[PDB]
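Please read the structure below before turning to the comments.
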Amino acid sequence: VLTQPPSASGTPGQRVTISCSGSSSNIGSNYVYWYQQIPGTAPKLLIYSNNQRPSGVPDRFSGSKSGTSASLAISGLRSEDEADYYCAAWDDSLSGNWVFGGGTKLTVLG
Amino acid sequence: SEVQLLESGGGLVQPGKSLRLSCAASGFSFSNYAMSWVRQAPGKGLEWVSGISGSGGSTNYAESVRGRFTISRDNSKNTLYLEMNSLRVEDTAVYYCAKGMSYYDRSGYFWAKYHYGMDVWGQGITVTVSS
Amino acid sequence: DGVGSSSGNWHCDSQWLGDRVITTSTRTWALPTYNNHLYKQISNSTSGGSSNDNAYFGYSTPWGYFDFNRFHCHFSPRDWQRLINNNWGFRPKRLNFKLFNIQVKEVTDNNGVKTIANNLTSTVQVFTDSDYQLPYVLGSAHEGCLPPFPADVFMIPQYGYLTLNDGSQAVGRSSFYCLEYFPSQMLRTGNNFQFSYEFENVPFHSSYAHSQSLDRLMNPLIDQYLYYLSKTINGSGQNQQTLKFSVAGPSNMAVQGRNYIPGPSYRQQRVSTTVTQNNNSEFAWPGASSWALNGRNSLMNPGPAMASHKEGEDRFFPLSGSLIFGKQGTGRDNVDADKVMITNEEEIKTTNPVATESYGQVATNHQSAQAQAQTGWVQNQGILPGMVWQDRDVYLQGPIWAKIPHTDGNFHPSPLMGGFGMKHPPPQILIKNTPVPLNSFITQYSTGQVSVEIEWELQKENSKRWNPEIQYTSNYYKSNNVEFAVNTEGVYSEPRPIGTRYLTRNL
Amino acid sequence: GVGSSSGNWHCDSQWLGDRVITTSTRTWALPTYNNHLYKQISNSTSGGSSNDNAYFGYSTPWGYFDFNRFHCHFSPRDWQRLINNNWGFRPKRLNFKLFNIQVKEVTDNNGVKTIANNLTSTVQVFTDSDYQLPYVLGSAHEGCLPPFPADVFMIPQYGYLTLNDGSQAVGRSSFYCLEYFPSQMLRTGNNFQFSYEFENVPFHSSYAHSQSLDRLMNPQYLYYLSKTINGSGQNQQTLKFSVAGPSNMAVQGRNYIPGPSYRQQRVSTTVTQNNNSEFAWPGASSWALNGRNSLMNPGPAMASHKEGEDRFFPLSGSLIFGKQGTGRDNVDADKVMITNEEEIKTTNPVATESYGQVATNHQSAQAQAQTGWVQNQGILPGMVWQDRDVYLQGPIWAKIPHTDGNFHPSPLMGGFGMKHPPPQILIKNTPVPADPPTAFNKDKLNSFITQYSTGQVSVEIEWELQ
Amino acid sequence: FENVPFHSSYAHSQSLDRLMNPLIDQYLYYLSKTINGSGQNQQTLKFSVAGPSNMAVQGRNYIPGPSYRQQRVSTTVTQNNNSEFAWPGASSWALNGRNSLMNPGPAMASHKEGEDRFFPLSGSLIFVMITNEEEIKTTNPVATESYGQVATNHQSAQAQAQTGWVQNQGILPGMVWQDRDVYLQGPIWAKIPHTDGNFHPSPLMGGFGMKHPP
């Protein structure tokens, strides 16, 4: 599995970083994807292929991977940016699985 | 939103019984992407159960669901099918149909690393396994 | 002719008329002075001579050569699609090569700052070898060819060759070549160079996939008049042997008599794409299919044309079975799977055995009352009377022609990486800068234009097939780029290999 | 017209010079297949779910004429005049005729049927001279003109196969509609004919060698290694060279070697000699194509048995013909005729024997010289071989598959390999609809008049003799 | 005399596998690395450019001729095995139940470079004077060696990649070979047997094949 902090907090207009720690088999040798999900809704793709991002996604969402850890940073945090974040990567071990992180719930204070 | 995925066959099933899920894909070339099923238990994080290649030749499954579940697709009918057998209470979740973002074809080979990334999802169908 | 008069124009286009295609390609080139105008011996002893299989001996030369062997030199992604979708076959007819707009720049570096000015009296030597006297390096699928994209300026590769060796030593039979010993043509800034070449008659490349399989040629509605042994024993028990025959018929199609059998095979190890399904050991060289020559093992790459995988399999590929192309930006050593492009030769599965499977089974003993019948697997099968096979496919990226080696005899000269075997291929084109003053010379380089023209002959599609054929198409969906074009930085990439086999024929 | 004959009866064989012009004529009957309709057929339609037997294809209303078998154009006396006085032969020209067409309509009431003439009805016939249809004439199928001239034969239904995965059809699989070909339509007063030119083929050798490959010597200045040791004891190593001569003829030097071999299991006609187990499919030699196993029947031409042995025959390595009236399934040994290839032994290896022995190692003081058996051998430079003999009941020609390359295209069941063989002749009855309804309906007409046609066929082949 | 191909009386100044340009990379890649490193579950796929550094993995258009292996004999008797193996260990072909020695057989290199003493048992003509076909090694395999290796199974997590030696190899598409060198004491022509078919009719003891010889 990919480990993520259960919750993250921020103030509007302030950068927030969400990170997932992983083993050599998943984060270390494979691309990491970021999914943003709001409860009662299907997830949305924010970052794919480590730092790349799909069209229709704001410039503030930036993702990077170093070693076995991947960090998703949010700048210019907004009220609409409060949701649960899932970290995903392919896992080579144990027959090959796509693994999601435990999830992180970002709360916008104020 | 050109790409569209629908799920049907969700319901309440007693333990031991087996039910079949279906996903109807439209808006993209279906046989050229590897589909996958991801399930989210109530008050729990997303969990990937299984994925299938575009041709359907190779399939992968999570250890928890292995041997009870079987994933298949009908390319002619643009449908992703998930058949679940020997269901249990642990299986109550909202199942999603996720489309593999990477596009590949017969000239190349299917690569599980690259082709399981999922750009678009489905609304999902709740599945309940209770006595 | 004159300093201020251009020696040639720019020709790029592809006009299609009738059953022929004429492709014209013009580029810009730069030829540096190599080895400081020196011929120098080379051998692995300079690199340390680590392996016996990697041993080599040869010479590096100041000369440079022009190479247009790859298919994408002459064809755009549109011209190649127009070729592969509409035709059952093609082959080169004529060749025309022009060299013009010569410019000689002298590099003046004074006190660390460098200024580049023209040298108007310098010459550039060029010649072609039309007697095939020099070693032929154009058939090894080497780098340094004309760019796919017309706006790219390419650097000319350096000409060097190899001869006989023992270790890093030479032998009394080894040969040395001085390209100064040929007559050549000298070119100043107004001169130009050209020649025309006539391809020898070759068979049309078969750009089609069979719509039938070799074991299914029979009419499925009629029983054969031949008979096959169905039962060797009446029932379980002692002394039950019996001879019973049944008509060969559509209900059992495996036993029917057949006039022809699939082509030869030399097995490859199969590597699974999912890494956890592979063996946990290093087997790239150990588990590789190889052939031995003069006590040196060479890998069987690509080797005999065989189907990459069985139908319905997309996750397996032969270890050295198919050509592998790198994507642009891809590194020289140990790059990841996404960077490379592994070609698929699944089109030829109908007439050829799968590369990773045994050819068949043979009996290895005489069945008797005392001993049971036994068979064993054929890992490799040479030519038999009655075999038919398909050659390896040609790619937009891959090589065009090869030179058939000069030997007492050969069989099916078609080259193993694909393309047209020729005993007299297009001649090598050797070019160099004339040294301008003895070990001290002037820092100098030259540049100009290269236009090439090949006439191709086409074989039209006569098929009566009712339903629509598979075609190579550009997928329609939104993306940050369009395939086979430049990106925002000016880098022109080719996202995938394009095979030649889309249309079908009967077997 | 209606009351005039469109052709005559030609059956004879005139031998002049170095050619034998044969002419056959038969009477045929052509029914209606699949109710004038095309149908997808696959193993699933016939069941059985066997991977090696999987197929996908189409069945057509068309019939076809097959005169490939040798017996159609030669009598037992004409075949005796051919094989005794001639070393070789091969076809040259072809003339086909279809005439005296009679269409019969069948009117049915309860259980009594009335058969009457329909003069209006026509029959559609065409040949494929561009070879654009799947070619089924080289599969040794039934439905050929009968050997005896007075017989009346039924024309077999046309069908073909295409690519498949299981019983399912892949994208590459193609569908051919034979109606999309221009054809000729014949009423009771119309005839059809065409001529054909056999492309140049070698004369089929029709002789047995009077010498053997290894005995070509006359009973040399070459030497061989006679002794590697002086005698019994330690450290006796020595090298000795003797003259190759008539005393030992096995070790002499030779310019040529026998042809390739792919071993067949040996089966004895006496059942007690055979092993008591089911080895017909399991013990059979075979070849694999795309995961499917096809029995190697007959395969490379080889002698069926060693000289002096008559009770042994290769399992799949021969053509097995049935005697008149033989059943279709599980018939005894006396109900079939198994051909033998004894004549070609002089230049060919035995089918049930290994090709030879090869060195598998390097000898040394610590390692003996080891060999291993060659159970299959490909072509080597210097090989010679005989092709399979043609039989009075056997096929004549086959279509060489269209491929990048082949070697020795001569077909394995015997006969002449040809890139452009004699063309397929396709024939069907034109569907005559029954009464349509008086109110328009867009659905195609499924109601037809029960119908069949009969007539005459004469094929004339010119054979060249050596 | 009917038209026959000119007998080649030259030795190649190159080898079939060295035809490459030593200074330039190929645009072809090979599979360099199947495991990231030592330890459990270290499986990976890594590709490298085939080029001047590693020349044995490059793609090649042509492959050496066929082989039928002869047992090796050393001119030094003490290195040979102390047993009688002239017939028991001979490479032979069987016809109609009779076993004939394969003398000389397919044209192959008599010995590898640097091994003058060794020679194939029946592979050479002996006039004693034992001729050696050293020149043909460039395009032909050595007489005493296996043709190469093939894979005998499917590798998997459970099973390692297994190869097996090719002792005899028939013609393959893409092969090239040199015939046997003619000698001053050797034959000139031979009579091609009259048969349905043959391949490369050139006689195995050397010289010109002819269907209608003198």
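Protein chains in written order, with my numbering: chain A, 1 to 110; chain B, 1001 to 1131; chain C, 2001 to 2507; chain D, 3001 to 3466; chain E, 4001 to 4214. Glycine is no exception: its CB is placed at the ideal position from the N, C-alpha and C atoms.
The bridge partners DSSP lists for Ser2236 of chain C come to none. For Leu3030 of chain D, no chain C residue has a C-beta closer than 9 Å to its own C-beta; the minimum C-beta separation is roughly 15 Å. Only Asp92, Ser93 from the region 83 to 104 of chain A bring a Cβ to less than 8 Å from some Cβ of chain E. Of all residues in the region 3079 to 3112 of chain D, none has a C-beta nearer than 8 Å to a C-beta of chain C. In summary, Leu2458 of chain C is buried, with 16 or more beta-carbon neighbours lying within 10 Å of its beta-carbon over all protein chains present.
Interface annotation, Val2275 of chain C: in contact with chain A, CB-CB separation under 8 Å. Contact of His2412 of chain C with chain D is assigned, a C-beta pair being separated by under 8 Å.
Per DSSP, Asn1032 of chain B lies in no beta strand (DSSP E) and is assigned neither H nor E. Apart from the 5 residues on each side of it in sequence, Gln1040 of chain B sits with its Cβ closer than 6 Å to the Cβ of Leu1046, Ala1093, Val1094 in its chain, given in chain order. According to DSSP, residue pairing for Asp2166 of chain C in a beta bridge involves C:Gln2169. Listed by position along chain B, the residues whose Cβ is nearer than 7 Å to that of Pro54 of chain A are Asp1119. Counted as a single uninterrupted DSSP element, the alpha helix (DSSP H) harbouring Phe3070 of chain D occupies residues 3070 to 3073.
In the DSSP assignment, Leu3082 of chain D falls within the unbroken alpha helix (DSSP H) covering 3076 to 3085. Put simply, the backbone Cα of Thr2434 of chain C is about 15 Å away from that of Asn2192 of chain C. In the DSSP assignment, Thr4195 of chain E falls outside any alpha helix (DSSP H), carrying neither H nor E. Taking C-beta atoms under 8 Å as the contact rule, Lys4137 of chain E and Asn2294 of chain C qualify, at a distance of about 5 Å. Within the same chain, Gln3370, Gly3372 come within 6 Å of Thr3360 of chain D by CB-CB distance, once the 5 residues on both sides are set aside.
Each residue's CA atom was taken as its position, placing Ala2254 of chain C and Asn3297 of chain D some 9 Å apart. Contacts with chain A at 8 Å (Cβ-Cβ) include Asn1060 of chain B.
For the 8 Å CB-CB criterion, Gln3264 of chain D and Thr3352 of chain D form a contact. According to the DSSP secondary-structure assignment, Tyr2227 of chain C is paired through a beta bridge with C:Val2247. Taking C-beta atoms as the reference points, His2210 of chain C and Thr2504 of chain C count as a pair closer than 8 Å.
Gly28 of chain A sits in a helix when the DSSP states are folded into three classes. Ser1050 of chain B and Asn4041 of chain E have their C-alpha atoms some 21 Å from each other. Close to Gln4043 of chain E, with beta-carbon spacing below 8 Å, are these residues of chain A in chain order: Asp92. The residues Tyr3058, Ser3059, in chain order, have a CB closer than 8 Å to that of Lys3039 of chain D in the same chain once the five nearest residues on each side in sequence are set aside.
DSSP places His2205 of chain C in the strand class (E or B) of the three-state scheme.
Residues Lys4033, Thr4034, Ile4035, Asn4036 of the same chain have their beta carbon placed closer than 8 Å to that of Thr4044 of chain E, with the five preceding and five following residues left out of the count.
Within the same chain, Cβ atoms closer than 6 Å to the Cβ of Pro3134 of chain D are found at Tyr3160, the five residues on either side in sequence being excluded. In this structure, DSSP gives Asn2118 of chain C an extended state, which the three-state scheme calls strand.
Counting only residues of its own chain and dropping the five nearest sequence neighbours on each side, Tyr2034 of chain C has a CB closer than 6 Å to the CB of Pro2062, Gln2158. Taking 8 Å as the CB threshold, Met4210 of chain E stays off the interface with chain C. A Cβ-Cβ separation of about 29 Å leaves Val3125 of chain D out of contact with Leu3163 of chain D under the 8 Å criterion. Counting the other Cβ atoms within 10 Å of the Cβ of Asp2215 of chain C gives 16 or more, which makes it buried. Interface annotation, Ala42 of chain A: in contact with chain B, CB-CB separation under 8 Å. No Cβ-Cβ contact shorter than 8 Å links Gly4148 of chain E with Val4176 of chain E.
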